[PDB]
**Student:** 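To start, I am sharing the structure in question, which I have written as structure tokens.
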Amino acid sequence: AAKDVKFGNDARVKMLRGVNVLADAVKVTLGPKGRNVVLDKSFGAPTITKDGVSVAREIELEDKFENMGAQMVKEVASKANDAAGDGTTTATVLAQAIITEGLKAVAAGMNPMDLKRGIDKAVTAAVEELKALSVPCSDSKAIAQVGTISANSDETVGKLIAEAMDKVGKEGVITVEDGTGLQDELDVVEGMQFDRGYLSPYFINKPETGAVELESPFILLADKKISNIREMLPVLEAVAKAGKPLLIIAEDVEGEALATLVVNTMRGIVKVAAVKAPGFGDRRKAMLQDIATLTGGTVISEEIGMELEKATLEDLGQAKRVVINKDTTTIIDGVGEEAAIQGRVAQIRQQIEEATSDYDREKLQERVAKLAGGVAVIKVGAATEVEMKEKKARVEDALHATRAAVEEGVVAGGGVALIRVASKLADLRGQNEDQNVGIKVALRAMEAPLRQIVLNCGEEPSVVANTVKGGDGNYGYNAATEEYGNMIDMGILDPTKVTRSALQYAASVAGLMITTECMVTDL
Amino acid sequence: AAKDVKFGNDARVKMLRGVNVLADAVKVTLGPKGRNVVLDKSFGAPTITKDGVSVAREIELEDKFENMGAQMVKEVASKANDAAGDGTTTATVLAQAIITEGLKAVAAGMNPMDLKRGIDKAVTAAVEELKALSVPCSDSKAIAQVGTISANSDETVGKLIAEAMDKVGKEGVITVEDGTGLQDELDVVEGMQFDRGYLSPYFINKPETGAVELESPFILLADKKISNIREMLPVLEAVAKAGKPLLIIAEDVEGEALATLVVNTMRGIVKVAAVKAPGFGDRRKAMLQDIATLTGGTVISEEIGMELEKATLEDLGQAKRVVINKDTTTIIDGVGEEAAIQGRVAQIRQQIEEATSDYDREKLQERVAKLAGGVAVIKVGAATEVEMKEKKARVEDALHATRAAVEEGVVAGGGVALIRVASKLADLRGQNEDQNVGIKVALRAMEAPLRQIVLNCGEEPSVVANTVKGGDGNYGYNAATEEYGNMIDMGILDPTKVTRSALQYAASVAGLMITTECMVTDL
Amino acid sequence: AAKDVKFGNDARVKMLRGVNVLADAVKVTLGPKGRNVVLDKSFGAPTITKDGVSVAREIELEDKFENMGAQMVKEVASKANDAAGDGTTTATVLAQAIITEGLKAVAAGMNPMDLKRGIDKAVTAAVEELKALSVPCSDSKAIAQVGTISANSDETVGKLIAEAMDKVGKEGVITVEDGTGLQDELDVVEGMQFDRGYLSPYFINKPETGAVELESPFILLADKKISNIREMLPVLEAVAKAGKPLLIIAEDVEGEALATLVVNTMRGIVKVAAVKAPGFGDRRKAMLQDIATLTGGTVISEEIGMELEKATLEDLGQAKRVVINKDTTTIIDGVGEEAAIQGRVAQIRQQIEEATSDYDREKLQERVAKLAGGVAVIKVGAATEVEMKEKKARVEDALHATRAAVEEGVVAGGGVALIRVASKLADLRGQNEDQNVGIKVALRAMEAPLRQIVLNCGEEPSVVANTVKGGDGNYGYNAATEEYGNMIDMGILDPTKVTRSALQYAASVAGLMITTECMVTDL
Ligand SMILES: Nc1ncnc2c1ncn2[C@@H]1O[C@H](COP(=O)(O)OP(=O)(O)OP(=O)(O)O)[C@@H](O)[C@H]1O
Ligand SMILES: Nc1ncnc2c1ncn2[C@@H]1O[C@H](COP(=O)(O)OP(=O)(O)OP(=O)(O)O)[C@@H](O)[C@H]1O
Ligand SMILES: Nc1ncnc2c1ncn2[C@@H]1O[C@H](COP(=O)(O)OP(=O)(O)OP(=O)(O)O)[C@@H](O)[C@H]1O
Ligand SMILES: [K+]
Ligand SMILES: [K+]
Ligand SMILES: [K+]
Ligand SMILES: [Mg+2]
Ligand SMILES: [Mg+2]
Ligand SMILES: [Mg+2]
């Protein structure tokens, strides 16, 4: 339609106003003294959340240019959540700081593309320095502390994540689920996990988490590809009568003749989903057989000659809970048979003892790790649904933070790591003066997380920032106890991946936004 | 769409205004001198109710932030009703008191997260002190008094509930249904009850009670699920000939080829429902056989070879009334042969006389308890429909309260138990000063139920609260007779579960609500 | 008419909003890095001013409660201007800080009357500590530095004021008036000054400074008070034909038959003013004789028999410029006769050498000091009228500040003195806790001038405030050079009277305002 076109400082201040609205709503949640945000939901009760990305996703403005800025900066929280699942508030705070300082430099007549280049150079240097001063979470062994910090100083959540990592392994699969009591529970049970996603965007359930849940579902397995509808239509009727939702693990499924027909068949009463099969050839068949044995099902094949028309409900597999996400799909609890599971584990161990191929060896080691470790389910204890959603979000944040910590390491929390890397980059220079000003903009924005943490505590951010900058190493400000000390010793640890990702995404988006002179939107 | 975003005290006062609107409407109903609320119904006559959750569910505000506050608080009454079925007004009163005091503390600069932690610590301590203060309802033997208090001092309702618990046992199943006369009736008849729910969210009938009623229905039983629904299609038409609702008890039934098709088939004249069967394997088959014998029906099986195509209406089961709820589904009066029921009971008793396995022992004991106890139906007597709805709500409250009393115990009513536990927690302290303020907020809110009860009587709540606090034990204030005395002696008994649940849910929601600094809603 | 009535926090936030509007407009002008405010004038060009009281007087809000707050704080700048003629921005900043912190304490449930009592106790203690901390400007001898600081670091203005004080004495009268060139001129000329005001409030000219000006005026002197109007009507006609404005000096004149008649006679072409004469009886006659000899005029008396009807234009006195103010009326330049002036001075000196009465001695010494010192005139040099008004305001501020400095002493500038006295009052306590919180409010608000000075420089106020508080003595922050050092050594000196008065007026008004629970205005 007809477009409103704005130029220069008018467009820039409107975009900054939108960025500020989103970033203020998100930044009120930063740190231990960060507060909560109520998001009105079109379905049911409002959501109370301390998660930056949840607040960011819900922000949309009446003013179109302000909304444009809000959406562009909301991309920062979205990317931070997608990458690290944590630090979305920090990423938003950093993006707002870079935007504000860069727009100030633009108003000083400097070339915004050179400012963007300086910001990018500073952020590359800072990512290198973050890697340099990162400390492995195996050496530090503070997975509980990382989980506690990421769960808003909830020591019980961090202890639970630490116990789950001690039980199913630091790389084992852990899933956060809604509990039934008022207490958080940890249950290590038998399950399977494969890194595959749903093949239909309309499969998403009523919750907007992006992943679908199947309660006591029906597992279907097939290594070959079927053509005719009427061949497996009686199987569709049998599934429709089993009472348990259908999850199909096949090589690949379209939506032209299967998803469209079923979506025109239902109004949404039963959630039927299909997933891809990791690997190919012999590996796909062997993983399918393992999944069938875990769930008590069977896998059809051309060589076997078994047809789906003769398949019964008892022949097919059954589970208790399945979580299907784009990144990773996990069958949480498949009944199957414990003796069968143990026998399959022993058989795969014997196969390891037999085979010698390097790729086969590593895939068999992955298989035995998946089977022996099982899954660990953390049931969130909460008296109400709003408390359940809040605590589950915090536990998922702690889970993501602990995974990122054991993957990439830890650094001093409370914004201290960014302060230290900015201090180490004081002598960084660019090609020209505008690049140097962009570098200074990035370095000053690197203090914004600590300053916002301190602002949320009601203290004076400049004094605390100066005291931290005057220190060295992991010296910083415990905002919970409102006192200075060694951040590592006090247990305030941030995953290096979370900090690095927040900085990188904030920098990319914000540096792009400071280079804008014109904005085109609808009237 | 575009979002209105509010921050700090403006958001908090709008949230509190919504909370106050909902809580005032709910709280006018508290205590013996509490009054009624008329809720306008889009269908039929308005509903007159003294039930806090009924008033709460009907509250929705034009202002969006006030509406958010109202919805969050309405969650308290919803959770209290779901858990204890009583005390929703007390839960709302407690939530409003916690929110008001906690928002006052937040306005005093206190960190709301620490206030929430202090509130949670105080509420955990008070739950412990309520458990300690609780007295078993078997020892006290005041089920009639509990039912009388929960029925708004209706001694006839309490006496009826006491007689029903004396006849079918304290754990026997009791259903409240509309009568035909102007007097309340108690009828102990043969029936069955299994803890299973409906498999379709659209199965809810015209009444919004959440449980569906089938009048003189037709019972269908099956332990195995056939593939295609066209096989029983003749049985479906045979059912469609006889105007009896079809309740199908099976292992599990989906809805994407049976419920969706039946929804597209009929417009809702006569209803058909499907439910799960308790147990699995042999236990499920035994339960289905028992239900069929109670209702005079038959159970199909693969081993038997009896196909549904040969099934007739006479072979299938039949009942007089069935109430299907998510928590528990009960067949009130299955139309079956009395001699057959007695013979089945004798055969089962012989099975106890033969069986010895501990799990089999307990399941057989449950079977004989369910069969011998039967069901007790309370026919609510009322001249008009509005009086019927009001009295039925009160009798359901009394039933829930008596169940909670025989389950978890009783305490002094009139808010005296919360006053006593708050007095016992005067020396409770948290980690810091804000946590201590949160504890004091929780303790002061624990007085709110008694104060609101006294306000509804027109007396001065502070004087009565001080007089009660100056006493000890079960000393409190009979608001019906407007005089002080031992609450247990005067029969003002509250179930411990009801009090504890009201406190826990009010605390969870209100503590989360005082921690909000930003609110995002539609414009 | 009909009244809008607001209560509690709604009234308080409206009042605070008005206070904030006025104080923000005023506070943008504080310190060496303070900027200017453009005030729209209904007559002619807008005025550009760095004066806090000029901005404050021009502020009036559409909202009535915000306007009430604005008027109440505008009283602070008005009182500071009336008392010290300087520090009105500091007084406004202090008042805003006291109001903000005190309203925060009121929102914390604290008694505002006790907060006001604590504020008053802290401010009394701080006035005492300022008196102790003050250093005489005779010992320091930094009148040039005081004038430079008060003229917004205009060293030329401070040097000019210092030269004028060296010439006509520190107590000699100095008048700032518009020049004709682009350079500031200092002219020590013969004149007189008596601490008397105009007898009519309608005499105020179009300029709003409150002091009327007569260009080349005609001086009339009289000691005896005649009754009728026709007696001096020939004198009035002689003045009307003379062409020079009339300034009458007498005992006392009403306005029933003279001011009203002269107001109705003309429309405002040439102004005619009447003023009191210093002293009484013989002293009044001697003062009138001295003034007449200075201006070349004559004084009528009953004993002399010289009637006003016989007075001629040559007999009456004449001057070149007259400025009349309520506080003090000064005849700037009267022609008279130099030989007559010298003869009168010698005669009065001989009278001193003759008489011996202590009161006569002191009055004669005052007379000879006034005659010998004469007057100093500072001609403000500016190319345009807007620059003229701005520079004249700054020179008048410097003049007032130098007078206050030689009267009451100096302290460290840049808000350092208030910081030091707040540090000294750290252990001050009141009767109760609310009084102690009021004391803390006053002590925190006494940091506001330095913090606003630093904010106007674009630096971080908390860091500079902490650095200054960590220092001792006159150590502070030169905001012009942006570096720390001894405030006295760098010549940043504030008159002790200016600082003390700003604190006292801010405290009185702000403490009264924090005690308000209801506001009544027009709708
Ligand atoms: N006690 C503490 N003292 C100081 N800083 C702390 C403390 N606890 C946590 N932090 C810091 O607060 C930040 C985490 O706050 P928060 O979890 O609200 O934001 P986030 O991780 O950036 O985003 P998200 O909302 O996506 O989780 C990290 O920088 C962490 O190191
Ligand atoms: N005669 C009485 N004297 C004093 N308190 C009484 C008396 N009768 C009942 N109460 C008290 O009144 C409260 C019950 O009020 P009411 O039943 O209206 O609300 P509720 O139990 O909170 O919730 P709901 O609306 O769901 O029933 C309990 O605290 C009970 O102990
Ligand atoms: N170079 C300087 N460094 C630090 N502080 C300074 C400097 N020059 C002046 N100041 C301080 O700035 C303040 C004067 O500011 P300003 O004159 O604008 O306001 P004011 O005196 O409060 O009122 P008004 O507007 O009526 O003159 C004093 O506290 C003075 O000591
Ligand atoms: K956050
Ligand atoms: K009620
Ligand atoms: K000023
Ligand atoms: Mg986090
Ligand atoms: Mg009740
Ligand atoms: Mg000044």
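Below, each value reflects all heavy atoms present in this structure, side chains not excepted, and no hydrogens, waters or symmetry copies. Convention: sequence-line order gives letters A, B, ...; per-chain numbering from 1.
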**Student:** With rounding to the nearest 0.5 Å, note down the distance linking NZ in C:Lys50 to CD1 in C:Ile48.
**Tutor:** 14.0 Å

**Student:** Could you work out, with side chain to side chain donor-acceptor pair (under 3.5 Å) as the rule, every residue matching C:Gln96, not counting sequence neighbours?
**Tutor:** C:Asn20, C:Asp24, C:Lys27

**Student:** Establish, for the pair C:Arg284 and C:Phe280, whether the NZ or CZ atom is under 6.0 angstrom from the six-membered ring centre and no further than 45 degrees off its axis.
**Tutor:** no

**Student:** Do C:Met519 and C:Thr521 touch side chain to side chain, with heavy atoms closer than 4.5 Å?
**Tutor:** no

**Student:** For the residue pair C:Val26 and C:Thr88, establish whether any side-chain heavy-atom pair is separated by less than 4.5 Å.
**Tutor:** no

**Student:** Could you point out which residue of C:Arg283, C:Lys285, C:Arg367 forms a salt bridge (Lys or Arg N to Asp or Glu O under 4.0 Å) with C:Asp290?
**Tutor:** C:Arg367

**Student:** State, with a plain yes or no, whether a side-chain heavy atom of C:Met68 is found less than 4.5 Å away from one of C:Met15.
**Tutor:** no

**Student:** Quick one: does C:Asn67's side chain have a donor or acceptor within less than 3.5 Å of a partner on C:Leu61's backbone?
**Tutor:** yes

**Student:** Please check if the side chain of C:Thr295 supplies one atom and the backbone of C:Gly317 the other of a donor-acceptor pair under 3.5 Å.
**Tutor:** no

**Student:** Can you measure from CG (C:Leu246) to CG (C:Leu220) and round to the nearest 0.5 angstrom?
**Tutor:** 5.5 Å

**Student:** What residue pairs, at least two apart or across chains, pass side-chain hydrogen bond (donor to acceptor under 3.5 Å, both in side chains) with a residue in residues 223-245 of chain C?
**Tutor:** none

**Student:** Which atom names give the shortest non-hydrogen contact between C:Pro46 and C:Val386, and what distance separates them?
**Tutor:** O-CG2, 3.8 Å

**Student:** Look up atom CD1 in C:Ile161 and atom CG in C:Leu399, then write down how far apart they are to the nearest 0.5 Å.
**Tutor:** 4.5 Å

**Student:** Using 0.5 Å steps for rounding, measure from the CG atom of C:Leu221 to the CG atom of C:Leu316.
**Tutor:** 8.0 Å

**Student:** Should C:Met388 and C:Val380 count as side-chain neighbours, where that means a heavy-atom distance under 4.5 Å?
**Tutor:** yes

**Student:** Could you pull out the closest heavy-atom pair between C:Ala405 and C:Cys137, with the gap in Å?
**Tutor:** O-CB, 3.3 Å

**Student:** Would you sort out whether C:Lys41 and C:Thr47 count as a side-chain contact (heavy atoms from CB on, under 4.5 Å), showing the intermediate values?
**Tutor:** CA-CA 7 Å; C:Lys41 298 303 169 171; C:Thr47 74; 3.6 Å; yes

**Student:** What heavy-atom pair brings C:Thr329 and C:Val323 nearest, and what distance separates the two atoms?
**Tutor:** CG2-O, 3.7 Å

**Student:** Show every salt bridge (charged side-chain N to carboxylate O under 4.0 Å, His left out) that has at least one partner inside residues 493-516 of chain C, sequence neighbours left out.
**Tutor:** C:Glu407-C:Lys497, C:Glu408-C:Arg500

**Student:** Step by step, would you call C:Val19 with C:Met513 a side-chain contact (heavy atoms from CB on, under 4.5 Å)?
**Tutor:** CA-CA 10 Å; C:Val19 169; C:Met513 280 198 263; 4.3 Å; yes

**Student:** Count the heavy atoms belonging to other residues, nucleotides or ligands that lie under 6.0 Å from CD of C:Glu362, then report whether that count exceeds 12.
**Tutor:** yes

**Student:** Look at C:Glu163 together with C:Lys159 and state whether they make a salt bridge at an N to O cut-off of under 4.0 Å.
**Tutor:** yes

**Student:** Any side-chain heavy atom of C:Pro278 within less than 4.5 Å of one from C:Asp195?
**Tutor:** no

**Student:** Salt bridge check, C:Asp154 against C:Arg394: does any charged N sit closer than 4.0 Å to a carboxylate O?
**Tutor:** yes

**Student:** Is the backbone of C:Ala355 close enough, under 3.5 Å, to the side chain of C:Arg361 for a donor and an acceptor to pair up by distance?
**Tutor:** yes

**Student:** So do C:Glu337 and C:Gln342 actually touch side chain to side chain, heavy atoms under 4.5 Å?
**Tutor:** no

**Student:** Set out, in order, the CA-CA distance, both residues' side-chain angles and the distance that settles side-chain contact (heavy atoms from CB on, under 4.5 Å) for C:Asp522 and C:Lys3, then state yes or no.
**Tutor:** CA-CA 5 Å; C:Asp522 283 353; C:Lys3 299 293 180 69; 3.2 Å; yes

**Student:** What are the two closest non-hydrogen atoms of C:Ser150 and C:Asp397, and how far apart are they?
**Tutor:** OG-O, 2.9 Å

**Student:** Determine the minimum heavy-atom distance between C:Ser134 and C:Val411, stating which atoms define it.
**Tutor:** CA-CG1, 3.8 Å

**Student:** Any salt bridge between C:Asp178 and C:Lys392, counting N to O under 4.0 Å?
**Tutor:** no

**Student:** Flag the pair C:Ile219 / C:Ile249 as yes when at least one side-chain heavy-atom distance between them is below 4.5 Å, and no otherwise.
**Tutor:** yes

**Student:** In terms of side-chain geometry, is the basic nitrogen of C:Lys276 or C:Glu251 positioned less than 4.0 Å from the acidic oxygen of its partner?
**Tutor:** no

**Student:** Would you find a donor on one side and an acceptor on the other, under 3.5 Å apart, between the side chain of C:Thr496 and the backbone of C:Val410?
**Tutor:** yes

**Student:** Test C:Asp184 against C:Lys391 for side-chain contact (heavy atoms from CB on, under 4.5 Å), laying out the working first.
**Tutor:** CA-CA 10 Å; C:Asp184 295 317; C:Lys391 199 178 305 176; 3.8 Å; yes

**Student:** Minimum heavy-atom separation for C:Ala80 to C:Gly87, with atom names?
**Tutor:** CB-O, 4.4 Å

**Student:** Considering residues at least two apart in sequence or located in another chain, which fulfil the side chain to side chain donor-acceptor pair (under 3.5 Å) criterion with C:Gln350?
**Tutor:** C:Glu354

**Student:** Tell me, please, which residues at least two apart from C:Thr148 pass side chain to side chain donor-acceptor pair (under 3.5 Å).
**Tutor:** none

**Student:** State, with a plain yes or no, whether a side-chain heavy atom of C:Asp333 is found less than 4.5 Å away from one of C:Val377.
**Tutor:** no

**Student:** Scan residues 201-212 of chain C for pairs that pass side-chain hydrogen bond (donor to acceptor under 3.5 Å, both in side chains), counting only residues two or more places apart or in two chains.
**Tutor:** C:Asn205-C:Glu213

**Student:** Whether C:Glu75 and C:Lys79 form a salt bridge (side-chain N of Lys/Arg under 4.0 Å from carboxylate O of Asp/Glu) is what I want to check.
**Tutor:** no

**Student:** Output the distance between atom CD1 (C:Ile59) and atom CD (C:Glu66), rounded to the nearest 0.5 Å.
**Tutor:** 12.0 Å

**Student:** Could you measure the distance from the CD1 atom of C:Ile143 to the CG atom of C:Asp166? Nearest 0.5 Å is fine.
**Tutor:** 7.5 Å

**Student:** Step through the shown structure and confirm whether more than 12 heavy atoms of other residues, nucleotides or ligands are within 6.0 Å of CD on C:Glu254.
**Tutor:** no

